[PDB]
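Okay, so here's just one chain, in structure tokens, the form deposited without the ligand.
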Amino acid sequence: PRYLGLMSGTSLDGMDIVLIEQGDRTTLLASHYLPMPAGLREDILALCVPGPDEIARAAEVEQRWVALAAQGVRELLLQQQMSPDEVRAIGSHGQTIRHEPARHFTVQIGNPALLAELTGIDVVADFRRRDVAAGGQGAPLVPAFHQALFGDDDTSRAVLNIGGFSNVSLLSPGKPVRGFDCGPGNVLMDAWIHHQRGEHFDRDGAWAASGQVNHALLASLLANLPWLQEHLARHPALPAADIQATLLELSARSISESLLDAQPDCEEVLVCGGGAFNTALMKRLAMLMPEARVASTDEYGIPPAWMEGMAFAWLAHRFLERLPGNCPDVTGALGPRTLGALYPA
């Protein structure tokens, strides 16, 4: 069946809306991004810390959030010339305004009843609360999706997300799913090329690849921008591209070492997040993990930029299939649980 997934993370720049086809495999049919208006962003941020009149404020803020979400859903469907009747459900994360599992609560707003009213599509939402009710942290959610996609190959695999920072899901046969942070991802390379060339990032890692790794600098680094700038002053003036090359090597070494310490027999590293598009970084990771095949998740039909939205569409599917949606090995929950709640159209 077909599902929409709706995600809006804590950066509040906009909403990711994806449309998947789900059967034996998960396939991305379409995707859409909708920027969040400045006014909505502030009112949400103002709810992310304790303040007065929160019940009423959150109730009114979520109405605006839902209207925007419904607009985005309508827009994606229009683009695909698809009737909402062709979609089984929307999996909506909502918007986190408070997440405090130590006090046994997590709060995502996003009035799913209104989302169903406006879209005419069944909504599955409120995915974190059941994991928390069962003693979990209510996060992370995506490793369950990683496991369903890539687990059970009888193969030791790592699903590596390279965003600003790096994190990995380890899928080892006969072992619990594991998850941990690997180190910096794109954060410094982005910071360095922005500072030096006004680029948001290093496309294909081409700037890094044109430079030459400085081993003195690399050694200092291994033993943010001001943090980096502090290091560069302690060396003669280095070409900016050599700096970039050294920053790439820094990420490649930190990721590969963290991964291999936890899963030395890793056979495949599947890379998602924007770092999967960094050709130079991907090449170096492969060199540093010579017993593992390193490839983008794209090679498996999962576009690396859309992992999160697709996970939420998938969670809608899991709910309706009466299958568990959490990964208690990573959330700390007592066991597998059905995640979410159904608000029918």
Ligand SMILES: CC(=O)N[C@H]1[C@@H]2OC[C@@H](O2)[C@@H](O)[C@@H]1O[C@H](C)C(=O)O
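Rigid core: the largest C-alpha set superposing within 1.5 Å between the two forms. Note that residue numbering begins at 1 and tracks the sequence as displayed.
A chain break between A223 and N224 is present, corresponding to 10 or more residues of the deposited sequence without coordinates.
Relative to one another, 44-52 and 59-67 have unequal mean CA B-factors, and 44-52 is the one with the higher figure. When the C-alpha B-factors of 8-16 and 318-326 are averaged, 8-16 comes out higher. Within the listed group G72, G275, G94, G211, the record reports its top CA B-factor for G211. For the set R203, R98, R88, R129, the PDB entry assigns the largest Cα B-factor to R203. The entry lists a Cα temperature factor for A295 that places it in the middle third of the chain's modelled residues. Sort the chain's modelled residues by C-alpha temperature factor and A113 lands in the lowest third, per the entry. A313: CA B factor in the lowest third of modelled residues in this chain (values from the PDB entry). Per the deposited record, the Cα B-factor of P184 falls in the highest third when ranked against the other modelled residues of its chain.
In the PDB entry, a CA B factor belonging to the lowest third of its chain's modelled residues is recorded for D122.
The same protein also has a form solved in complex with the ligand, omitted here; what follows describes it.
Placed here by superposing the C-alphas around the site, the ligand (as posed in the deposited bound form) stays clear of every backbone and C-beta atom by more than 2.4 Å: open pocket. In short, of 227-235, 133-141, 74-82, 255-263 it is 133-141 that has heavy atoms within 4.5 Å of the ligand in the deposited bound form.
The ligand is not shown here, and in the deposited bound form it never comes within 4.5 Å of any heavy atom of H194. Although the partner is absent here, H93 sits close enough that one of its heavy atoms falls within 4.5 Å of the ligand in the deposited bound form.
Although the partner is absent here, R178 lies well away from the ligand in the deposited bound form, with no heavy atom inside 4.5 Å. In the deposited bound form, the ligand sits beyond 4.5 Å of every heavy atom of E62.
For the candidate set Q147, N111, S172, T106, a heavy atom within 4.5 Å of the ligand in the deposited bound form is found for exactly one residue, namely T106.
Rigid-core fit between this form and the one not shown: of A67, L288, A30, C48, the one residue whose Cα shifts 2 angstroms or more is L288.
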